[PDB]
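Take a look at this one chain, the form deposited in one PDB entry, written out in C-alpha cells.
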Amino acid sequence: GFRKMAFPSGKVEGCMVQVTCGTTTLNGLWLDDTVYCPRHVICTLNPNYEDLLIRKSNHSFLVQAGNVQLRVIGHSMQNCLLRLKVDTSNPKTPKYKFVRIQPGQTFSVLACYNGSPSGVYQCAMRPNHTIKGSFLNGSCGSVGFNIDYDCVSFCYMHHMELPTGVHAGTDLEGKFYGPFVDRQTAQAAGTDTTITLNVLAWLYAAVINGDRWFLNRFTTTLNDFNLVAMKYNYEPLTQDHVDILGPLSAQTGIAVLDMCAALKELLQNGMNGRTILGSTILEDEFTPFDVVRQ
C-alpha cells in the first residue's frame, strides 16, 4: 500500500484569498498584513510590469477573503510577485517560512479557484524546473507547500502552463523556477530528465513489496552507472544520494550500487513487458522519504 499522499491542507486553506484586477482574477496568499499573488494579475504580451504597476492604485485591487473584502493599504512588486499590504492581519496565519525547493523534492499543491480551495495533491519539482501539475484557468496564485511539525514551508506559487502541458511558477520571493518569464510568449521546458534517486527508491519499495525479478548479480561503480544514466536522460547519482538511500539499503540488504546495477540493466534492456509494482514505467516522484515512511 504505497500511495502519493499530500500534506493536510487546513493551515494553508486559512490563507487563501481572491485577488481581482479589472476583469482578470486569480488567487492570493494572505499572511499577516500582506497578501502575495502573481504580478500578472495587473495585465490585460511583452508587458512592462513597472509601467503597469505605477499606473495602479490601492483601490484597483479587489481582495476578498471569503465573505469579507480586504482593503489594500499599499503595494509593491517583488520579482514576479506583488505584495499587497492589507489593513487587517489574517487571524489564521500559521507558523511559516518561504523556502526554495530543489529538483527531485516533493511538495503538496492546494489547487484553488476564486480564492476557494478546490483540491490537494502531491507533486515533484522536476529537473527541468517545471512541475506536472493540475492547473486550469483561474488557478494562478495556487501555492505548493510542505509541513514540518507546526511550520508550513511555502515553496511554489503557480503562474503559467507551458505548451507541453506542464507548469511553471515561482518561490514566495517571486523568483521563477527555471528560465521562464511571466509573459505569454513561446516558452519550452528543457528536456526532462528522470529523477534517478526517486526511481531507485521506488525499486527499493518494490523489493520491499515482494517483486525482485529485476535484481541481478552484476556490479557497477558510481561513475560507470552515471555514464550510462545520462545516455538515457536519467540524472547522475551523487554520493549524497547514495547516502540518502542507506536506510532502504539496510532494510532490504541490497547495496545501493547493486540496485544501480539492476536499474542499469532496465535502462539498457528495457522491460520486456514485465511490471514493477504494476506498471511498465518507472515512477520517479516517490522520494526515499516516502518509501521509508510507508
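So that there is no doubt, residue numbering starts at 1 and follows the sequence shown. Whichever C-alpha set is largest while still superposing within 1.5 Å between the two forms counts as the rigid core.
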message: Gap size between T44 and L45, counting deposited residues with no coordinates: none, 1 to 3, 4 to 9, or 10 or more?
response: 4 to 9
- prompt: According to the deposited model, is the average Cα temperature factor higher in 185 to 193 or in 119 to 127?
  reply: 185 to 193
Mean C-alpha temperature factor, higher of 67 to 75 and 108 to 116: 67 to 75
message: If I read the C-alpha B-factors straight from the PDB entry, which of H167, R217, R100, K175 is highest?
response: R217
message: So if I compare the CA B-factors in the entry for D258, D51, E265, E235, which one is the largest?
response: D51
query: Which third of the chain does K92 land in by C-alpha B-factor: lowest, middle or highest?
result: highest
- line: Of the three thirds of the chain ranked by Cα temperature factor, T20 occupies the middle
message: Considering every modelled residue of the chain and its Cα B-factor in the PDB entry, is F180 in the lowest, middle or highest third?
response: middle
field: Within-chain third of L227 by Cα B-factor, per the entry
entry: lowest
Lowest, middle or highest third - CA B-factor, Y149: highest
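The same protein also exists as the form deposited in another entry; that form is not shown, yet it is the one meant from here on.
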message: Checking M16 here: with the core superposed, does its CA move 2 Å or more between the shown form and the other one?
response: no
task: Please check if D211 moves between the shown form and the other one, taking a CA shift of 2 Å or more relative to the superposed core as movement.
output: yes
